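S.K.: just the structure for this:
(one chain, ligands or ions: 1)
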Amino acid sequence: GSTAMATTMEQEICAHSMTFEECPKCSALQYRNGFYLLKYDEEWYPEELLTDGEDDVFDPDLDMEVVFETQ
Ligand SMILES: [Zn+2]
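M.R.: Numbering: from 1, shown residues only. Below is the structure in question.
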């Protein structure tokens, strides 16, 4: 958090000691669109959200920290 930044961008790294676009909730914002279909992959209907019980637990199928090309 504000280590050696000042140039312009100050979100290149989320407060999670890592890239912002490399986080979940970060990608949950809907910054992806490989297939511009409002989605990419999934197989788990909406429900018990991320502790938000908002009703939407989109299964991160074919889209993880490795399952993004393999299986
Ligand atoms: Zn983040």
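
S.K.: what about residue 36, how many neighbours?
M.R.: Taking other CB atoms under 10 Å as the neighbour definition, residue 36 ends up with a count of 8. Bear in mind the C-beta positions are built from the backbone N, C-alpha and C, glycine included.

S.K.: quickly note the distance from it to residue 30.
M.R.: Separation of residue 36 from residue 30 (CB to CB, to the nearest Å) stands at 11 Å.

S.K.: what does residue 61 give?
M.R.: Separation of residue 61 from residue 30 (CB to CB): 17 Å.

S.K.: neighbour-wise, which of those two wins?
M.R.: In terms of neighbours (other CB under 10 Å), residue 61 is the more surrounded of residue 61 and residue 30; the figures are 12 against 8.

S.K.: contacts for stretch 44-53 next, please.
M.R.: Stretch 44-53 is contacted by residues 24, 25, 28, 55, 56, 57, 58, 59, 61 when judged by CB atoms under 8 Å, 6 or more residues apart in numbering.

S.K.: how about the last one, what does it touch?
M.R.: Remark: with contacts taken as CB under 8 Å, 6+ apart, residue 61 is in contact with 41, 42, 43, 44, 67.
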